[PDB]
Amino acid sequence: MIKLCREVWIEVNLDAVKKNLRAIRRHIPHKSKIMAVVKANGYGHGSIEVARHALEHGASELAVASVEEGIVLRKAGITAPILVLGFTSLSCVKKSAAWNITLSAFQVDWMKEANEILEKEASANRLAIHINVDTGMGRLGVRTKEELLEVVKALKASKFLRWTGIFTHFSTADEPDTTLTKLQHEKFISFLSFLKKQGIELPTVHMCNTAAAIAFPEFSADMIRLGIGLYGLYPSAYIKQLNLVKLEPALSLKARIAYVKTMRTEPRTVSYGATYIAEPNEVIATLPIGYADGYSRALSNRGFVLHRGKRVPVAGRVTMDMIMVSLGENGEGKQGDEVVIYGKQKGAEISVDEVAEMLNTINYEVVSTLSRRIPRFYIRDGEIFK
């Protein structure tokens, strides 16, 4: 089984990941490609094994948050295109060209300076560029067709850059009111059409995230960017209730009980602040996960974990490295028992959507703040590896 000194770990089910890709591949047009988004350590799931697996099973490109995340995938042996979705400093142009990481860019000046850095070094690859068109996200990208033309001309003139994509991001494709999504789409389409009647041939057009690919597959164009759906999580309850694509959650968080005790002697106080007094024959188990792992301190006296198919409440405050749970009066549990923090156990389930609802956040945050000091184990074809 799993041998740890500190007995907490994550299981990422790569069979779920494969299934999530085939579901998306079969929903969207057959012409359209899939870009798997493995930024932020694969939304907390591990970027290397999820990328490796997604490229095996439907994906042809990868997207990350930064050059460094991209280089980690190159060092793992991955030769697929890697697109950086955020901003990359000019000081990393040489390094991105060296690792063949595709950069997002959306400014004329950035293009020219990037091109000179690369020509002043000669012995270079050409740097691939995707243009980010901002159609309503308000984050990064060009916002007018005149500015976009300025950028495409600077890029087309730059001998050491290469134009391989143009994209936009929908900010509300996960919501039932579609008016803003439809507006983003026709803004984008009108921009691409403006470029076409200049006689500018277009590269790969991509615009859909998980929500837009499920809800508007006709927006798939050349490529979609599969993020949250890849991990078997729906972008929102609304997208989930559309019941168009069946996704299967990939991540489970588990631990083993570190210690069990009956609270016979005084004081029967539990954890910092003594916010929880146990009963004389109440049984308190101590678990080796804490808020420094990403298990929110807000789950103090609120959270549940699965122990032997039953939900047992977190007792007292979450500590940096450990939590106490109440097994009840004369509760049954032994040191070493397997506890499920996120995931399924026997009948019962604590999904990350539930923990995210209970914390007034979204599943995206619950999984991508899972600390890297938690080891990740991958299940593929029933069997565990690392």
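Numbering starts at 1 and follows the sequence shown. What we label the rigid core is the largest C-alpha set whose atoms superpose within 1.5 Å from one form to the other.
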{"query": "Farther-lying stretch by C-alpha RMS in 6 other deposited structures of this protein (rigid core fit) among 269 to 277, 241 to 249", "finding": "269 to 277"}
{"query": "Between 117 to 125 and 290 to 298, larger RMS Cα displacement in 6 other deposited structures of this protein after core fit", "finding": "117 to 125"}
{"query": "Of 70 to 78 and 189 to 197, the stretch whose C-alpha atoms average the higher B-factor in the entry", "finding": "189 to 197"}
{"query": "Stretch with the greater mean C-alpha B-factor as recorded in the entry, comparing 220 to 228 against 123 to 131", "finding": "123 to 131"}
{"query": "Selection from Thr265, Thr88, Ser300, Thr168 [criterion: highest C-alpha temperature factor in the record]", "finding": "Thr265"}
{"query": "Top Cα B factor in the deposited entry, candidates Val84, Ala98, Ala250, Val283", "finding": "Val283"}
{"query": "Chain third (lowest, middle, highest) by recorded CA B-factor, residue given as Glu329", "finding": "highest"}
{"query": "Chain-relative CA temperature factor third for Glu56", "finding": "highest"}
{"query": "Chain third (lowest, middle, highest) by recorded CA B-factor, residue given as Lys346", "finding": "highest"}
{"query": "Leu103 by Cα B-factor - lowest, middle or highest third of the modelled chain", "finding": "middle"}
{"query": "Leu287 - Cα temperature factor, lowest/middle/highest third of chain", "finding": "lowest"}
